[PDB]
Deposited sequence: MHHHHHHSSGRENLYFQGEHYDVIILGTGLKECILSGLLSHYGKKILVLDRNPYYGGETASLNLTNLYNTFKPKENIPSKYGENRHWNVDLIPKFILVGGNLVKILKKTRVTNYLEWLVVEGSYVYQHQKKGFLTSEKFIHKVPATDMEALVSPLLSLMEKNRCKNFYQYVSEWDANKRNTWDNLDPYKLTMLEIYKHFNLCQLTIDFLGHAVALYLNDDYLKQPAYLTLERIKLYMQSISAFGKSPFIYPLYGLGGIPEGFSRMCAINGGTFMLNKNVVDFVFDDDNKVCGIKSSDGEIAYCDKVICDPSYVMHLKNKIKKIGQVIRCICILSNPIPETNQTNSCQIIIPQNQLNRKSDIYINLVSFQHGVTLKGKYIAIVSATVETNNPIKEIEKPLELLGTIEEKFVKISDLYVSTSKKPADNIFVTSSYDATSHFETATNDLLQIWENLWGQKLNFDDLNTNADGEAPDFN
């Protein structure tokens, strides 16, 4: 009798949209519903009116910021690694072409260098990604430069499946730390390699087999060649083209805003079999994918693991010491700020169609470790020069309580503090694997 779908998806956050795209691509019958009057959920894109309504509702919008059409401010701007899986997913689903991609102009890492007699105090530095960049890197002593050049040369020719490229270092038996020690790299070198090139969140990889990390370092290095300036891209007008893109694509094989779900329907074995709205709509389904906001009434679905702070800052000029770049990423390794998790800064501007020409947006993101998260981002904010306005959002971080829920309600994790997309893609890939029992193939 009633409407029936393979999967009903609740929320139009980026992960939900991407998963909807993949389901529609592989022939599944889906319905996508969102309580909000706009797409994007926690990853929504805001114009000026909406940025101000959301964060500064008592204030007039300054005239100097001009018209709404120039502003597309992602709440959660994550850059995308050229060689990563999101790009592969967008290719497969044929959504890539609804978007225009522009390279992020630079990649920086924080390493404090104290004022000397002939050298200024420094904080952030270009991340070297070729042998030649390493030999010339201010991150490395004269000597360490040669060593890092040798390391990059090695990785550049290294192959996980060709032993004659290993120089007798077994990457399945040796740990990454043993590989570093073979090249006699120092701790600060290890710091930026692990956090800013291999793009890890912590130093657990040091004790794991080397091949995992070599592949990632090689991937970073390969990813630059596409656009040269960095291995990261971001769409013109920001990540808001993505839900639009997927809505348009899925409609071929639909998405609905302003749809207020008020209940899950469960069968006799407590497995999801449908959803109901406040407007007396019902549909049946075999599975649900949703963000944590849709399961706040349900038992043992999500676990809070912490909070994230993001501070969106309007600047008058590029970030000092980033070579006047119109877009950039700054990775701050946790040991640099005496803390237990990294801090990240993304910068975007008129280049990516997200701000008025002459204005910039820097977004500082951190995992909350203290009673006073605003204080935790004080030093990072000092990197930005004159800040015109700040828009701060602190959010709870949830993860799902199991990878393969018996009830067939698959919950996406909250977006983490990272400035790039990998961990989001990893979560949606894990959800995909467990929906159908098979990894996505590229």
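Enquirer: In sequence order, name the stretches of the deposited sequence that have no C-alpha in these coordinates.
Expert: Absent from the structure are positions 1-16, 270-271, 461-475.
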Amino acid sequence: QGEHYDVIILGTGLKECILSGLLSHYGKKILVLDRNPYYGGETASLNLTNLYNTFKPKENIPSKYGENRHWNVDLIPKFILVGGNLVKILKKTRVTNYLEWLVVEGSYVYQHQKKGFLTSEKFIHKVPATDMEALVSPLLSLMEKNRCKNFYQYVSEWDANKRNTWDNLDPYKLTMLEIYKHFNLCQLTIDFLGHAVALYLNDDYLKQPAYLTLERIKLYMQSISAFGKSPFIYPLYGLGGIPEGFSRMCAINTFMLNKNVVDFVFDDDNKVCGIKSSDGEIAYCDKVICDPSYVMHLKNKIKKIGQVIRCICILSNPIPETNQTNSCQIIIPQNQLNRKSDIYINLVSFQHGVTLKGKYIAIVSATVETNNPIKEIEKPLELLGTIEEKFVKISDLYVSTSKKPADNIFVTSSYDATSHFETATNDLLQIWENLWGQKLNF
From here on, numbers count along this sequence of modelled residues.
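Enquirer: Averaging C-alpha B-factors over each stretch, which comes out higher, 74-82 or 232-240?
Expert: Result: 232-240.
Enquirer: Mean C-alpha B factor from the entry: is it higher for 417-425 or for 5-13?
Expert: According to the PDB entry, the answer is 5-13.
Enquirer: Per the PDB entry, which option out of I312, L298, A251, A196 has the greatest Cα B factor?
Expert: So the option with the highest C-alpha B-factor is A251.
Enquirer: Highest Cα B-factor in the PDB entry belongs to which of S277, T355, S107, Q113?
Expert: Largest recorded C-alpha B-factor: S277.
Enquirer: Is the Cα B-factor recorded for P333 in the lowest, middle or highest third of its chain?
Expert: Lowest third, going by the recorded CA B-factors of the chain.
Enquirer: Should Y26 be placed in the lowest, middle or highest third of its chain by the C-alpha B factor in the entry?
Expert: Highest third, going by the recorded CA B-factors of the chain.
Enquirer: Taking the C-alpha B-factors as the PDB entry records them, is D291 in the lowest, middle or highest third of its chain?
Expert: It falls in the bottom third of the chain.
Enquirer: Going by the CA temperature factor in the PDB record, which third of the chain does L174 belong to: lowest, middle or highest?
Expert: Ranked within chain, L174 CA B lands in the highest tercile.
Enquirer: Select lowest, middle or highest to describe the third in which the CA B-factor of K122 falls within its chain in this entry.
Expert: Middle third - that is where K122 ends up once the chain's C-alpha B-factors are sorted.
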